[PDB]
Structure formats: structure tokens, C-alpha cells
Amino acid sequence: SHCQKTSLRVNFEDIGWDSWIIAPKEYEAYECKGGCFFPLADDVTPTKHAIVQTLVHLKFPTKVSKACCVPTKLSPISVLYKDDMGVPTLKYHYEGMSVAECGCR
């Protein structure tokens, strides 16, 4: 019911990235699912704007949207890609691919 990290396996061929990513075929990216509603959790680490916007959304549900549960910290992965010369080069830290922590923003 609340903002938390859940599993998401992403296949590179389904997102159109298998044309430049040789390996791996799939990877655990995770996704941040849940709702930002009161009472909040102890580890959602909400900003004061996300708390204010959620309160305004309660008073005006048609004019203002609630806060979103988005990843607050990302972890890199390693991909085997083909460079301009068609050889498999290793990108050891491809940053911003997996979710480490979620939160209400």
C-alpha cells in the first residue's frame, strides 16, 4: 500500500536496446510501486514539498495530483556493448539502471 521497491525484469530486446547491447539478455531493474498517502511510512524519506502537495491533493483532488513514489537512488550495472568498430566492449558501470531506494517526491 505504501512506497516500496518491487521486482521488474527488463528484457533488452523488448525495449529495442538489443541492437547495441549484446549481453546480458535480461536484468533486474526493480520499480518503485505504492502510494504516497497519510499516514506515511518510516522509511519513505518524504520531502516537505511531497508532504505539502499530498495535503493539497486531499483538499483539491481535481486540481492537484498527489506525490509520486519514484526511485531516489540508482545503482549501476554492467553491459556488453558494440562500439563504432563492432567489437564487444565492456561498460563496467552503466549508471542509473537499477533501483536502490524508493521514496515519495
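So that there is no doubt, residue numbering starts at 1 and follows the sequence shown.
Comparing 28 to 36 with 66 to 74, the one whose average Cα B-factor in the PDB entry is higher = Comparing 66 to 74 with 28 to 36, the higher mean C-alpha B-factor belongs to 28 to 36.
Which has higher Cα B-factors on average according to the PDB entry: 39 to 47 or 54 to 62?
-> Looking at the record's C-alpha B-factors, the answer is 39 to 47.
Sorting the chain's CA B-factors, does residue 10 end up in the lowest, middle or highest third?
-> Middle third by C-alpha B-factor.
Within this chain's modelled residues, let me know which third the CA B factor of residue 98 belongs to: lowest, middle or highest.
-> Lowest third, going by the recorded CA B-factors of the chain.
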